[PDB]
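J.: Got a structure here, written out as structure tokens. Questions coming.
All of the numbers you see were taken from the coordinates with simple rules; none came from a lab. Counting neighbours? That spans all protein chains shown, and the Cβs are built from the backbone with ideal geometry, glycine included.
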Amino acid sequence: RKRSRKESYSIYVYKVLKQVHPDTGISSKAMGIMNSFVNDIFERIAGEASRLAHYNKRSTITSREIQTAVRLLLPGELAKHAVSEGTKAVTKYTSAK
Amino acid sequence: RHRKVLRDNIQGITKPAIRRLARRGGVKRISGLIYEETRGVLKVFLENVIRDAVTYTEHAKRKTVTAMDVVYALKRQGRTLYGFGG
Amino acid sequence: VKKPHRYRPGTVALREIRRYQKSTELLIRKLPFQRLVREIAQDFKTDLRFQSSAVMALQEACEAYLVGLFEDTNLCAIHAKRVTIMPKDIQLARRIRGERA
Amino acid sequence: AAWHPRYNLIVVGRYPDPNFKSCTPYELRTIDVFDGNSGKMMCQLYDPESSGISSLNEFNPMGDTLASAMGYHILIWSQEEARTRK
DNA sequence: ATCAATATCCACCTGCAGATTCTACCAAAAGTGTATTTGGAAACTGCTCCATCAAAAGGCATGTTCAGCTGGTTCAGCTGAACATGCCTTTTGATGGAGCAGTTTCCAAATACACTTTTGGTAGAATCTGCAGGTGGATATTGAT
DNA sequence: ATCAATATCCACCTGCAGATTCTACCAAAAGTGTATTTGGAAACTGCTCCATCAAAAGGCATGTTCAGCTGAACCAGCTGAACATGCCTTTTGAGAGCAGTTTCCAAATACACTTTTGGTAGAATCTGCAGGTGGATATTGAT
């Protein structure tokens with residue numbers, strides 16, 4: 001009975017979907033698509049942030065570097081909204097430990 | 001008998017299939033010469049992809065080509081693919 | 001009617017357009033594509049096996065690439081005041097995309 | 001594979017393989033008959049209307065008859081036409 | 001065909017900004033030795049790949065019909081390369097002096113690492129329903145007339 | 001334009017193949033505590049950069065001029081779409097290889113200290129090449 005454990009991001013996506021459109025479901029294949037999508041974006045951002053760190057002789061990757069990467073990759077208003085969400089989130093984290 | 005189905009090869013990828021694909025591309029009227037050229041193009045693409053896949057396959061000492069190798073091979077050519085793992 | 005019903009040229013293609021653009025099912029048959037893959041893989045390494053999902057993934061990629069190519073092709077065609085695509089259009093498209101041949 | 005009871009022969013059914021290093025350029029499915037104590041072949045039986053693959057092949061203990069069992073088929077290969085009487 | 005006009009390649013040839021040589025140092029490569037971490041060779045388990053033969057469903061190689069597209073021709077405009085001319089935005093070439101690139105000091109702010117303690121995210125076994133599929137009929141759409 | 005043909009849109013019904021939901025657990029998240037770092041405040045220097053001037057000079061603006069180009073009309077012909085069809089190629093269903101884990105170790109490789117040590121900054125010379133000088137061709141167009 002060797003029993004594996006393959007991780008994924010499925011359940012979180014399902015939660016968000018039930019939050020935004022309560023009377024709606026989603027097949028497994030589409031969830032797999034969204035999983036691959038998230039993986040792709042994570043890889044892009046991390047790689048970019050790494051290069052930013054190396055060019056400035058900094059050994060710490062910080063929220064600032066993430067912010068910079070997002071401003072590079074993404075266009076306009078999408079970047080602004082993402083940045084606003086991140087700033088609100090980090091501000092809430094820093095206070096209410 | 002020499003049947004060798006249309007060549008026992010690519011020529012089984014018949015004309016109406018290409019026509020259907022051209023219909024997906026918005027095309028209305030197709031010349032007879034397109035078919036052969038299309039096949040050549042397809043062959044080239046496949047070759048490169050398969051090579052990379054097989055190379056990944058050779059690194060792990062396997063004889064079964066997996067989906068993941070193909071996905072990565074498609075990623076390096078700027079043709080990222082979603083919906084088959086990673 | 002004495003005459004069998006017959007549609008004018010340039011309608012059944014349109015019917016095909018709307019039908020295949022409303023749907024997502026693969027247009028190419030599996031077997032010859034499968035045989036093609038195996039034949040090409042043989043020339044690089046021997047006695048390879050293929051999972052089914054890998055072949056399906058390749059089929060999807062090929063169809064998307066060709067679909068995009070036909071879109072670009074038709075634009076190149078329309079620039080020349082034609083409606084019928086021809087090989088030199090394809091050669092132009094591949095020259096512009098930066099690919100080899 | 002099987003012996004022939006009264007000689008030093010061998011009788012086998014064939015199943016082509018594109019990966020096998022063929023010495024012959026023509027590779028068809030047929031019944032082969034080899035020599036035991038030498039190594040090489042001496043005869044090949046083939047008959048259309050039986051282009052299936054001969055799984056089983058067995059001679060008689062007598063030496064004058066052959067039976068073959070293919071998928072969903074039983075075949076008898078005995079010797080043919082003779083002359084006639086009044 | 002020929003011969004005048006402009007633009008281009010090629011032998012002589014010289015002083016110097018960029019190329020190379022040369023000192024003198026010390027911030028990187030190896031040695032020695034050690035502490036720590038691994039990829040790959042034996043067992044084992046459970047998906048799922050090799051690609052035959054009947055029976056049957058539905059797609060294609062062929063041939064047949066003709067309308068509407070290609071791609072050639074002829075041609076009325078038209079518009080954009082060549083060019084002279086003036087003159088006027090830039091080129092070299094200096095000079096100043098403010099301030100950012102970059103360096104050094106050092107220690108207060110931010111994190112690995114190592115341990116313990118919750119906990120929820122993930123297989124697997126029981127329940128659900130939206131949609132595949134079917135059935136059927138009104139209206140939209142092509143086209144002959 | 002009107003009417004026939006005929007595909008497409010759209011109402012109504014059933015069940016089952018995938019969606020969803022319950023349950024017992026183990027890899028993973030998180031809170032302490034310490035040590036171990038590391039990047040921003042403070043304080044300075046010195047190279048390189050930003051606002052000005054002056055003497056040309058070579059490039060831009062503007063204005064003529066005409067050879068050669070870009071659509072618009074039209075059309076012989078070719079060539080590629082629309083259908084009958086039959087016929088033949090493609091779908092469906094009845095054991096062993098190999099991907100995926102696991103042990104566990106002989107081999108590989110990070111890391112502390114010193115000892116060299118070739119690489120680099122910077123002073124001090126070379127010389128091929130940006131110019132010039134001039135002559136001989138090689139395109140080009142007129143005629």
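J.: Any residue in region C:56-67 that is β-branched (V, I, T) and either more than 20 Å from B:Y35 (Cα to Cα) or within 14 Å of DNA strand E (Cβ to nearest atom) (or both)?
T.: No, the conditions are met nowhere in region C:56-67.
J.: D:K21 fails exactly one of the following numbered conditions: (1) touching a residue at least 24 places away in the same chain (Cβ under 8 Å); (2) within 14 Å of chain C (Cβ to nearest Cβ). What is the number of that condition?
T.: The one condition D:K21 does not meet is (1).
J.: Next up: Is there any pair linking a residue in region A:83-96 that is without any contact (Cβ under 8 Å) to a residue 24 or more places away in the chain to one that is surrounded by 10 or more Cβ atoms within 10 Å (Cβ to Cβ), with Cβ under 8 Å and at least six apart or on different chains, and which?
T.: What qualifies is A:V83/A:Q67; A:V83/A:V70; A:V83/A:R71; A:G86/A:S63; A:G86/A:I66; A:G86/A:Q67; A:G86/A:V70.
J.: Of all residues in region B:6-44, count the ones that are within 8 Å of chain C (Cβ to nearest Cβ), more than 17 Å from the chain's Cα centre (by Cα) and among the hydrophobic types (A, V, I, L, M, F, W, C).
T.: Count: 3.
J.: Hand me the list of helices (runs of 4 or more DSSP H) wholly inside region C:1-94 holding 1 or more residues that are in contact with a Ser or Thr (Cβ under 8 Å, 6 or more places away or on another chain) and more than 8 Å from chain B (Cβ to nearest Cβ).
T.: Once the helices (runs of 4 or more DSSP H) in region C:1-94 are filtered for at least 1 residues that are in contact with a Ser or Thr (Cβ under 8 Å, 6 or more places away or on another chain) and more than 8 Å from chain B (Cβ to nearest Cβ), what remains is C:52-79.
J.: Given the conditions (1) under 14 Å from the mean Cα position of the chain (by Cα); (2) farther than 29 Å from B:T64 by Cα; (3) away from DNA strand F (no atom under 12 Å from the Cβ), and given that C:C62 satisfies all but one, which numbered condition is not satisfied?
T.: C:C62 satisfies every listed condition except (2).
J.: From the set of residues in region A:4-18 that are near DNA strand F (Cβ under 8 Å from one of its atoms) and more than 10 Å from A:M31 (Cβ to Cβ), which is farthest from the other protein chains (Cβ to nearest Cβ)?
T.: A:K18
J.: Conditions: (1) surrounded by 13 or more Cβ atoms within 10 Å (Cβ to Cβ); (2) under 24 Å from B:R76 (Cα atoms). A:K29 meets all but one. Number of the miss?
T.: Checking A:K29 against (1) surrounded by 13 or more Cβ atoms within 10 Å (Cβ to Cβ); (2) under 24 Å from B:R76 (Cα atoms), the one that fails is (1).
J.: Checking the condition within 14 Å of DNA strand F (Cβ to nearest atom), farther than 22 Å from B:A22 by Cβ and among the aromatic types (F, W, Y), which residue from C:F50, C:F70 passes?
T.: Matching residue, one of C:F50, C:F70: C:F50.
J.: Here's another thing I want to ask about it. The conditions are (1) away from DNA strand E (no atom under 16 Å from the Cβ); (2) touching a strand residue (DSSP E or B) at 6+ places or on another chain (Cβ under 9 Å), and D:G39 fails exactly one of them. Which is it?
T.: Against the list (1) away from DNA strand E (no atom under 16 Å from the Cβ); (2) touching a strand residue (DSSP E or B) at 6+ places or on another chain (Cβ under 9 Å), D:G39 comes up short only on (2).
J.: Go through region C:54-90 and give me each residue that's out of contact with any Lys or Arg (no Cβ under 7 Å at 6 or more places or on another chain) and either on the phi > 0 side of the Ramachandran plot or surrounded by fewer than 14 Cβ atoms within 10 Å (Cβ to Cβ) (or both).
T.: C:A64, C:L75, C:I78, C:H79, C:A80, C:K81, C:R82, C:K88
J.: Does D:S51 qualify as being within 16 Å of DNA strand E (Cβ to nearest atom), of a type in the set (S, T, N, Q) and within 14 Å of another protein chain (Cβ to nearest Cβ)?
T.: Yes: the conditions hold for D:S51.
J.: Next question, about the same structure. Please state which of the following conditions D:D35 fails to meet, knowing it meets all the rest: (1) loosely packed, with under 13 Cβ neighbours inside 10 Å; (2) in contact (Cβ under 8 Å) with a residue 24 or more places away in the chain; (3) closer than 11 Å to D:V11 by Cα.
T.: Just one mismatch for D:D35, condition (1).
J.: In addition: Report yes if A:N56 is within 26 Å of B:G83 (Cα to Cα) and of a type outside the set (D, E), otherwise no.
T.: Considered against the rule, which asks whether it is within 26 Å of B:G83 (Cα to Cα) and of a type outside the set (D, E), A:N56 comes out as no.
J.: A follow-up question, please. Test each condition in (1) under 23 Å from B:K75 (Cα atoms); (2) surrounded by 12 or more Cβ atoms within 10 Å (Cβ to Cβ); (3) over 14 Å from the mean Cα position of the chain (by Cα) for A:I61 and report the one that comes out false.
T.: Against the list (1) under 23 Å from B:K75 (Cα atoms); (2) surrounded by 12 or more Cβ atoms within 10 Å (Cβ to Cβ); (3) over 14 Å from the mean Cα position of the chain (by Cα), A:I61 comes up short only on (1).
J.: All but one of (1) more than 16 Å from DNA strand F (Cβ to nearest atom); (2) surrounded by 11 or more Cβ atoms within 10 Å (Cβ to Cβ); (3) among the small types (G, A, S); (4) over 10 Å from the mean Cα position of the chain (by Cα) hold for D:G13; which doesn't?
T.: Status for D:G13: all satisfied but (4).
J.: May I ask you to list pairs of residues, at least six apart or on different chains, whose Cβ atoms are under 9 Å apart, with the first in region C:3-22 being over 9 Å from B:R23 (Cα atoms) and the second being near DNA strand F (Cβ under 6 Å from one of its atoms) and in a helix (DSSP H, G or I)?
T.: C:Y7/C:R15
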